[PDB]
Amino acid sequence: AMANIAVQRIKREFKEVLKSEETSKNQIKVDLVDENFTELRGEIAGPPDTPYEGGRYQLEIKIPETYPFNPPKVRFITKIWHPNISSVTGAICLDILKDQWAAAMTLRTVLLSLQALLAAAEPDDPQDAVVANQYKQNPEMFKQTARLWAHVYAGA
């Protein structure tokens, strides 16, 4: 097992996700992978009124031994076309997953923050340059491409 603080935090946070209004709306979900709690599987719904609407995105979530004092490591398993996520690896550019993690944050707020990122790209500080360039230079074709990928990869 992990340290008591980490185990108790993760169990509490799993309960929080289960009991949340957002899971009742089918917006977020977290499931077990191990017999332990070092890897979890997240899922988020594409926010409404975005190219990701209708899609569901699986997330690889790795909990460090130092939880809650360092962030989970999170990657998109489900491929997505977004300026702040690698279209190749699913790697995520988001401050709360690096220098702006706070110990008060939770699995629930991480999932909800990732949804919010889907609704509010920051192309000037990108993860994927090709995607970010298209977002800026041809937003109509960015939208068509992201929608297509939501159908192709995310069940939209």
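Start at 1 with the first residue shown and count on from there.
Ranked by Cα temperature factor within the chain, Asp124 sits in the highest third according to the deposited record. Sorting the modelled residues of the chain by their CA temperature factor places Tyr57 in the middle third. Residue-level temperature factors show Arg108 in the lowest third of its chain, judged at the C-alpha atom.
Sort the modelled residues of the chain by CA B factor and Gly90 lands in the middle third. Annotation for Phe142: C-alpha temperature factor in the middle third relative to the rest of the modelled chain, per the entry.
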